[PDB]
Amino acid sequence: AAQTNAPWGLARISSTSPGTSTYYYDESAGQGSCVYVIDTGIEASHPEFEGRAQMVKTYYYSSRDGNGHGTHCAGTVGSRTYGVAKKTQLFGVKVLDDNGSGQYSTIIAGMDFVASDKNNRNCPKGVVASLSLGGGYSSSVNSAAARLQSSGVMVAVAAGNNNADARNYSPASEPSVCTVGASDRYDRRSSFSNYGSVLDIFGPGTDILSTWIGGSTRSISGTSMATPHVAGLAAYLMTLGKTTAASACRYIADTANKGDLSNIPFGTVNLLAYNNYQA
Ligand SMILES: [Ca+2]
């Protein structure tokens, strides 16, 4: 399939070179998989989700996304226009409030909640989680990531946005999950993206057009935005039978576009998520 004049980052994870605007992908498009966006929620009523999104948990007085961050991330995962896995089922877990913040213990609760809830959902092709959030190193927050992964969810986490080594941030530093740095449409590392040997992969993170609340769409930037490209890609690959939730971070690394980013420090992978669909 092909979706012309696509946001640059969808084109980019289906291209070997930068500077193209069509997204080439297999039409199964993540059918039969499930992605949990653990964030500020999802405006499920957005036309762009087409009935494929459901809040299923909020730790606040309301489950609605009143911030837009979660809605944006979820759109990159699985909205019809702006998404990677255009036919996956989305599930929202509101751990962050509407200013986008949230206490560690609420975040850990939401994570353990996915390890369990997945057993209340039909996700025969695989289950992913996407965590576009992070704060300073915590053994506990990391351990909640690891539990989620161990239970058989592909966990994708933002590496952070301070320009540092991500080894000091959580859940980014945790080893056993898939820590996602950011890039721009000219294959530069995004100027805010964290780096460091704990990263597994880069995806598109600078000027990422996706959904917003009110039914609306904006471009924003962040490792938040890079993270749901890798989650959605993991869903797409599960569905195609290429990989599994426990194997998907390694499969994505193995099949990435290797050398191609500039602005990589020494010691950080130079790997760019690729769907290996057009070539
Ligand atoms: Ca890993």
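These residue numbers are counts, starting from 1, taken along the chain as shown.
Looks like X-ray crystallography, 1.4 Å, at least that's what the header says.
Even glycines carry a Cβ here, placed using N, Cα and C.
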Check Swiss-Prot: it lists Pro175, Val177 as binding Ca(2+) 1. Then name which of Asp117, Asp200, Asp207 it lists for that same site.
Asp200
Of the candidates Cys34, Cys178, the one sharing a disulfide with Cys123 in Swiss-Prot:
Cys34
8 Å Cβ shell about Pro175, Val177, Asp200 centroid, Ca(2+) 1 site members excluded:
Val157, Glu174, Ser176, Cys178, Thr179, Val198, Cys249
Identify which of the recorded positions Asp39, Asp260 has its Cβ surrounded by the largest number of other Cβ atoms within 10 Å, counting every protein chain shown.
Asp39
Long-range neighbours only, meaning 6 or more apart in sequence with Cβ under 8 Å: which ones does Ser224 (active site, charge relay system) have?
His69, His72, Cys73, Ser132, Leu133, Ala158, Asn161, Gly205
Quick one: of the recorded positions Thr16, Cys34, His69, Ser224, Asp260, flag those whose CB is under 6 Å from ligand 1, and say none if nothing qualifies.
none
How far is it from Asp260 (Ca(2+) 2 binding site) to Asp200 (Ca(2+) 1 binding site), counting Cα to Cα, in Å?
15
